[PDB]
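The structure appears below as structure tokens.
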Amino acid sequence: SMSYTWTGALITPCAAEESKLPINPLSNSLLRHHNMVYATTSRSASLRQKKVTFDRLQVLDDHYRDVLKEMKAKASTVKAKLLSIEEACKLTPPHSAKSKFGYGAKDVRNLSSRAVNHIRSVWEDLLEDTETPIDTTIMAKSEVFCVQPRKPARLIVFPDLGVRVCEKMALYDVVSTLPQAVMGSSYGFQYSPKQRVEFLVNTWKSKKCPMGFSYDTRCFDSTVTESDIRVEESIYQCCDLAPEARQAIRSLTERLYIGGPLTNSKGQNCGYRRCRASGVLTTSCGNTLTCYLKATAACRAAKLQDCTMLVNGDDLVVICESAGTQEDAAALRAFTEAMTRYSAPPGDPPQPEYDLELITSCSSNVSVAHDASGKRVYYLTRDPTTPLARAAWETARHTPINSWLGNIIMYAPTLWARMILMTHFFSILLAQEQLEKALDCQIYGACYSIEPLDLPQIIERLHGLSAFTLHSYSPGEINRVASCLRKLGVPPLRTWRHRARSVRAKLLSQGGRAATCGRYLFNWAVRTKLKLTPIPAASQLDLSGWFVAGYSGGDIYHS
Ligand SMILES: O=C(O)c1cc(Oc2ccccc2)ccc1NS(=O)(=O)c1ccc(Br)cc1F
Ligand SMILES: [Mg+2]
């Protein structure tokens with residue numbers, strides 16, 4: 001069937017939309033070519049619609065069915081708990097889109113009488129009505145990028161706040177435990193960046209002669225069929241569930257997940273969806289399961305040997321045993337055809353790789369540097385272009401989420417995050433006297449509130465002390481950063497070192513946590529290094545909930 005149908009009504013913005021980076025005194029010291037930075041708007045919605053709208057082709061076979069049964073068997077061991085309205089409410093972000101029924105996030109989080117009562121009515125309605133397609137709102141997403149040698153906005157589809165809290169009640173525990181019980185070490189969201197690298201390296205070393213590749217599905221959400229979503233529910237149904245949760249899941253599947261009506265910001269009927277909605281609780285879990293299912297089966301059809309998958313939603317990387325150059329290239333092409341038949345056609349044609357550092361997955365790749373002792377150390381990095389453009393934008397405007405803080409946390413060991421992000425943002429926080437202020441950021445889609453002054457601890461626990469002493473990065477990494485700085489108009493190393501040494505001094509003089517930030521975060525800037533010993537607060541961190549599952553589009557907040 002058609003992934004989408006359109007009435008003709010436009011996808012409209014609910015307020016004015018900014019497209020250009022404002023000429024700001026502070027963002028200009030980070031990035032000069034401000035005209036290269038842009039944010040998508042609804043004005044490009046039509047271009048996106050045309051790309052995601054098409055009829056799907058799907059042919060299932062024995063390999064698919066065999067893998068599905070293997071996955072259901074493992075799912076059979078799980079027992080999902082069912083959240084109370086109180087717990088579900090507490091999982092709602094403060095800035096979550098308000099309900100059209102007289103209440104918003106604040107009320108939801110505060111358990112206000114009107115919020116709670118309506119949520120109860122929406123839940124009871126899910127137990128009673130098993131058919132009526134639930135209404136969803138479709139919007140053009142606003143994201144920042146750097147012009148390339150422009151991307152049309154993505155389309156987000158999400159139900160009302162009331163429905164979202166109900167999704168949590170019935171499926172939060174399921175989407176938080178089942179992916180792991182089903183896919184095991186292959187479920188990528190259970191890993192911290194350091195652990196992801198460890199998994200990729202150990203998997204790479206376990207092969208006699210390794211071969212790996214990333215597989216890019218052309219617009220994955222629209223390739224997801226009604227059949228895929230029902231198969232996905234069949235997996236959830238293997239869980240031991242409370243009757244109400246079992247019915248809720250059944251109803252949510254038929255009324256929301258498999259598709260439904262689309263309404264724009266103006267309240268106009270835009271069309272109908274028969275594919276994956278990006279803004280519902282099961283999107284991350286659902287896509288991971290579906291991508292893994294189709295991929296594991298594709299590998300068997302393609303005769304690839306010793307396949308090890310690493311899946312994060314629609315993002316896939318496969319590492320297997322090489323059977324020779326010619327054969328690998330043929331088996332890969334066979335894989336792509338199997339995937340195409342399963343309704344997961346490629347966007348960028350896949351290419352076999354024999355060098356781990358050259359494999360990009362989750363927009364990232366493994367690279368090597370060295371610690372003070374001189375020992376090689378692997379870490380996760382990525383092209384800094386987007387992180388920097390976004391860091392520029394978040395510097396000129398106020399944003400609910402601070403991607404820069406998230407990029408610092410996940411990419412602490414990288415040369416670009418240390419030299420540029422840390423220096424730029426710490427110097428700004430000092431000048432404004434806001435180092436104490438906690439800011440929000442996302443990790444695997446979940447929203448978190450983090451105190452800048454705790455970064456040293458966080459970084460030590462997640463990456464180890466080596467993150468503060470790495471040097472001698474690979475020629476490959478060095479070149480990518482260099483050319484990026486030239487393109488975006490970012491000041492050279494020498495300038496950042498000067499700013500860094502200045503920020504460092506002002507931080508040390510303050511003592512306390514600030515001095516710790518100065519000692520660890522900026523040890524790369526001074527010649528007279530300081531002894532970097534284990535930070536006390538580091539060994540007392542509860543960073544477990546940080547890497548359990550994916551929640552992008554899930555409207556999830558962890559307090
Ligand atoms: O250790 C290195 O590999 C390295 C790479 C460079 O290459 C670059 C070229 C252009 C832009 C940025 C870096 C320049 C200096 C380097 N050595 S360094 O000055 O001790 C250094 C600077 C910043 C960080 Br953090 C870590 C470092 F150890
Ligand atoms: Mg894709």
Side-chain angles (χ1 to χ4, degrees), residues 3 30-31 48 51-52 151 154-155 213-224 275-276 278 283-284 287-288 290-291 294-295 311-317 336 339-340 343-350 360-363 367-377 379 381 383-385 388 407-408 411-424 426 459 463 466-501 503-504 520-529 532 552:
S3 55
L30 165 65
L31 183 157
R48 185 64 186 171
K51 187 183 175 189
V52 301
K151 294 178 172 180
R154 284 182 205 160
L155 303 181
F213 63 89
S214 58
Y215 187 77
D216 169 44
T217 295
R218 173 180 176 288
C219 306
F220 193 102
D221 293 357
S222 67
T223 69
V224 171
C275 63
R276 174 86 65 201
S278 68
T283 298
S284 183
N287 282 352
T288 304
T290 302
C291 179
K294 289 171 179 172
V311 197
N312 296 64
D314 68 335
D315 211 279
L316 173 72
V317 61
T336 299
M339 286 291 274
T340 297
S343 188
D348 303 305
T360 298
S361 57
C362 286
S363 309
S367 190
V368 55
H370 302 270
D371 67 25
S373 314
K375 194 177 73 170
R376 292 167 65 72
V377 37
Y379 68 102
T381 186
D383 181 294
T385 295
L388 292 188
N407 283 316
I408 281 190
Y411 297 113
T414 74
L415 166 63
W416 49 278
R418 298 173 68 196
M419 167 176 107
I420 309 173
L421 295 189
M422 291 176 190
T423 310
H424 180 74
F426 263 85
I459 293 171
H463 305 276
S466 66
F468 304 124
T469 66
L470 294 194
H471 70 75
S472 299
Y473 293 85
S474 71
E477 180 64 5
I478 284 176
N479 280 308
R480 180 164 63 194
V481 169
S483 62
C484 172
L485 307 186
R486 271 193 295 292
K487 173 178 64 185
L488 295 178
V490 175
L493 167 62
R494 54 183 171 75
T495 299
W496 290 109
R497 179 172 55 238
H498 299 170
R499 291 175 187 173
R501 284 160 74 125
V503 180
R504 177 172 175 295
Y520 295 76
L521 308 179
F522 303 102
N523 195 57
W524 59 271
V526 299
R527 179 180 258 75
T528 298
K529 309 300 182 181
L532 298 184
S552 294

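We count ligands from 1, going down the list as the structure has it; atoms in each ligand are counted the same way. We count residues from 1, following the sequence as given. Just so it is clear, the values below take in all heavy atoms, side chains as well, and ignore hydrogens, waters and symmetry mates.
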Side-chain donor/acceptor of [X] to backbone N/O of [Y], under 3.5 Å:
X	Y	value
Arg154	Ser278	no
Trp524	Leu470	no
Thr223	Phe220	yes
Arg501	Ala525	yes
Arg499	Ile420	no

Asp315 backbone or side-chain N/O/S under 2.8 Å from the Mg ion (ligand 2):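 Here the distance criterion (N, O or S atom, under 2.8 Å) is not met by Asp315, so no.
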Does the protein come close to [atom] - that is, does one of its heavy atoms sit below 4.0 Å from that atom?
atom	value
atom 24 (C) of ligand 1	yes
atom 28 (F) of ligand 1	yes
atom 4 (C) of ligand 1	no

Subset of ligand 1 atoms that lie under 4.0 Å from at least one heavy atom of [X]:
X	value
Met419	12 (C)
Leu493	14 (C), 15 (C)
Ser472	1 (O), 2 (C), 3 (O)
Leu470	26 (C), 28 (F)

Return yes or no for this condition: an N or O of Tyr473 is under 3.5 Å from an N or O of ligand 1. yes
Looking only at non-hydrogen atoms, find the nearest pair between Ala369 and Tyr473 and report the distance. CB-CD2, 3.8 Å
How close do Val377 and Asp371 get, heavy atom to heavy atom, and via which atoms?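 Taking every non-hydrogen atom into account, CG1-N, 3.9 Å.
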Any idea which protein heavy atom is nearest [atom], and the distance to it?
atom	value
atom 10 (C) of ligand 1	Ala482 CB, 4.2 Å
atom 13 (C) of ligand 1	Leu415 CD2, 3.6 Å
atom 21 (C) of ligand 1	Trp524 O, 4.8 Å

Let me see the working for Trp416 and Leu485 under side chain to side chain contact (heavy atoms under 4.5 Å, CB included), right down to the final yes or no. CA-CA 10 Å; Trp416 49 278; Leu485 307 186; over 6 Å; no
So do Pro491 and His424 actually touch side chain to side chain, heavy atoms under 4.5 Å? no
Closest by any non-hydrogen atom to atom 8 (C) of ligand 1: pick that one out of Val490, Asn523, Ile478, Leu485. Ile478
Which single N/O/S atom of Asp216 lies at minimum distance from the Mg ion (ligand 2)?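 Checking each N, O and S atom of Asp216, the shortest distance to the Mg ion (ligand 2) belongs to OD1.
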The answer for which part of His471 has a heavy atom under 4.0 Å from ligand 1 is both
Look at the rings of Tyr520 and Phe468 and say which category their plane angle falls in: under 30° parallel, 30 to 60° tilted, over 60° perpendicular. perpendicular
